[PDB]
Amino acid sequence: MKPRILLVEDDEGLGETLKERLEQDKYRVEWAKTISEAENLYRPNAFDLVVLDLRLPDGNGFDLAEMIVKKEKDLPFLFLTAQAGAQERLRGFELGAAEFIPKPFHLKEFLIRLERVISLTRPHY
């Protein structure tokens, strides 16, 4: 019912804040702090959206995204990252990212953009 988000983020100050605010009313969040934890949490037909940064301590978010796309072609993923230059964004969009949100950001911006991504996951009425 509540969309389930896989959040991949090693900054625990930011990750706690994001998880807490997302779980406030609308969403359920499984929060991985490493790529290996993300891989453990990840399985097909379990998530509605993945939110990930690019650098984690044990690998790169693009590789994780590429893996996920291979297993579940239509699982939306968005990047949330300080590495948000023209090249990174183009790479993300060409891989089919649903969104690309830079750091730094205000939480309310993230919530607006994320709610529109969730809206696109809804079926046609």
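Residue positions are given as counts along the sequence shown, with the first one as 1.
If you average the C-alpha B-factors over 86-94 and over 27-35, the higher value belongs to 27-35. Mean C-alpha B-factor is higher over 8-16 than over the other stretch, the pair under comparison being 112-120 and 8-16. The PDB entry assigns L54 a C-alpha temperature factor belonging to the middle third of its chain's modelled residues. Annotation for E72: C-alpha temperature factor in the highest third relative to the rest of the modelled chain, per the entry.
Among all modelled residues in its chain, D48 ranks in the middle third by Cα B-factor.
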